[PDB]
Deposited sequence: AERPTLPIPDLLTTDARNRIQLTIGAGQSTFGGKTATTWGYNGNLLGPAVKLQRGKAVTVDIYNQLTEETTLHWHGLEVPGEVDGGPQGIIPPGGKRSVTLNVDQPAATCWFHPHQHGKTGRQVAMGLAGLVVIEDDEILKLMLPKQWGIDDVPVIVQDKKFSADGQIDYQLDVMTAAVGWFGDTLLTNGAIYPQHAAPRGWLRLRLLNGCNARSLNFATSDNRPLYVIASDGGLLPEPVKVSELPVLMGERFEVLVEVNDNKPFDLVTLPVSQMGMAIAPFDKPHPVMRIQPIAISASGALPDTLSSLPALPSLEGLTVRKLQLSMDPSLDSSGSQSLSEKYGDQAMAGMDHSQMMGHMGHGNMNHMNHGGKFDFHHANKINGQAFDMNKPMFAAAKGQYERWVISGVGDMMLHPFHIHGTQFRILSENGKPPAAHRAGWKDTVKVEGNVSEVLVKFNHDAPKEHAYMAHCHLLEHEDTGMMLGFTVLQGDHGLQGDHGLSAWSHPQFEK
C-alpha cells in the first residue's frame, strides 16, 4: 500500500566525458491528484550526478522551460564561472556547458536553481538533484555502497497544494517573512514511501530540500543514528545521536541498524521554528518506512587541526529584516494559524545583509584566494532562523549561534545556523570568482534569499603583501 522509495539514477560520464541534464516541465501525482512539476531528466527532482575527485567532467544543461533558470552545484568547490549563481543564466530553449574539475573530498552535495528572485518558486516546482562525489579514501572504508539498496539518498521536502491539485507557491508578505512551508511531506518526491533494506547497516544520505522548513530526524523505535558525514564529507569517526536537526540545504549521511522482522520509520520531530509546528508537524511525522529484508567502521577519515586565528581577515555579515516585514509577516502567520504558529516576536528588498538587499551587479567585497578568513555572521536583533550558506567552499564552524558546534557539526560544512545570535566560521576559497560570476553568500531559507538576504563576493588573489 505504501509506494516504494523512488531512487534517483546514479549518472556518470559517457565516452565523450559528458553528462546530459534536461530541465523541463511535466506532471506528478500526489495523493491521487495530478500536478504540474519540474525536473532534471524527468518530471520531478533529478538524478544523482556521480563525480570522482581529481577528474574533470563536462555537463551539458538543456533548459526546456519557458523561463530562465540557472544551475548551481551546492557544496562544490569550483570557480565562480561554473558556480551557476544568479549570473549563470541559461535561456529558455537554450544550452550551457560547464566543466567541473572536482577537487575536494568524498561528499554528498546537491544541485538546484539560483535564479535571482525566483529560486524559492523554482525549487518548489520540483527542481533539485544530488551530487555523489567519491575519492580513493572513501572506497577503502567498507561503508554500505549498493546504491538504492543499502546506500540510499533521502531528499525530504514539504509542499502545499491548492484544491485543484496544483502546487500552491506564493512569495508574499507572510512567506517573505517566515518562508514557504506546506502540510505535505515528500521523500524523494513520494508521500511516506517504504524502502526495503538488507539486515545490517543502512546508509541514508539525508538532504533537507525544503524551502524554509527545518527538520529533525529520528527513528520511531528510538534506535540511534550514526552520523558519518556532513555537508562537505566524512567525519573523523561516527557520532552516535538520538536525533539529528538538519537545516535547509544541509546534508548528513547516517548509518542506522536494520534487524530482521523489525520494521521502523524514519521520522521528523517537531521543531521550534515559527510556522513549522502547525499540523501535521505538531507531532513526530513519518518520513519513510524501513522494511528489513532477511538478506560499523571505527575510523572514517582525518580532520585537520583548526589553523591559528591570529592575523586572519575578519568579515562581519549582519543579517536583518526590515521591521515592517517582520511584524506584518508574523501577524499574518499568527492571525491565520494562532498560538500554534508560535510567532516569537514592498517586501521584495526588505531582507538584508549589512543594511543592503542583494545587488547582483555590485559584489559587496573581494575575499582573498588561498587564505583562511574568519566570517562572523550575526542574526542579533531578529528572531528568525537563517541557515547561512557560503558558495565556493567547505568551511569549519568555530562558533554556531553562540556555542561551540556539536560534534557531528564540527567537520566540513557549507551551512551554519544563525538564529538570534552570532556564528563564526573559518573559510578558504581555492578558486577564482570575478565580478561577472561572483560567489553568493546567503540565507538558505529561499524566500529570504529571494527578497534580499544575499550578497555577491569575488575571489582573485589576496596574498601579495
| query | finding |
| --- | --- |
| Where the deposited sequence has no C-alpha coordinates (positions from 1, in order) | 1, 297-301, 352-374, 495-511 |
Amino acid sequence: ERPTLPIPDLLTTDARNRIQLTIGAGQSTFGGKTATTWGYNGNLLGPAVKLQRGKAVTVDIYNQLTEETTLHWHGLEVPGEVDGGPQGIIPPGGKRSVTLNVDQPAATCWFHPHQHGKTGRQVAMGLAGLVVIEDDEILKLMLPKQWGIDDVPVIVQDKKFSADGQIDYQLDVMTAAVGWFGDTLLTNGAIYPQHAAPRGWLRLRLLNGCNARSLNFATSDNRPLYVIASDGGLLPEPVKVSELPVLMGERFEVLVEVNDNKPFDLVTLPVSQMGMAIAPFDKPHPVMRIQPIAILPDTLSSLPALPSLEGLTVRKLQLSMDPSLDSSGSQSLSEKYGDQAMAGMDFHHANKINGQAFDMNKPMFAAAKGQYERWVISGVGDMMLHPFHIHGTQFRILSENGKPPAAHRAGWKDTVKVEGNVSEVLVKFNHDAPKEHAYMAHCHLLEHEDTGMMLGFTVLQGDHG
From here on, numbers count along this sequence of modelled residues.
property: Stretch with the greater mean C-alpha B-factor as recorded in the entry, comparing 234-242 against 356-364; result: 356-364
property: Given 27-35 and 41-49, the range whose Cα B-factors average higher in the PDB entry; result: 27-35
property: Candidate residues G126, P193, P153, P323, the one whose C-alpha B factor the record puts highest; result: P323
property: Residue of maximum C-alpha B factor among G209, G189, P113, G88, per deposited coordinates; result: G88
property: Ranked against its chain, the third holding the CA B-factor of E253; result: lowest
property: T415 - which third its CA temperature factor falls in, relative to the rest of the chain; result: lowest
property: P263 - Cα temperature factor, lowest/middle/highest third of chain; result: middle
property: B-factor third for the C-alpha atom of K369 within its chain; result: highest
property: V78 CA temperature factor, ranked by third within the chain; result: middle
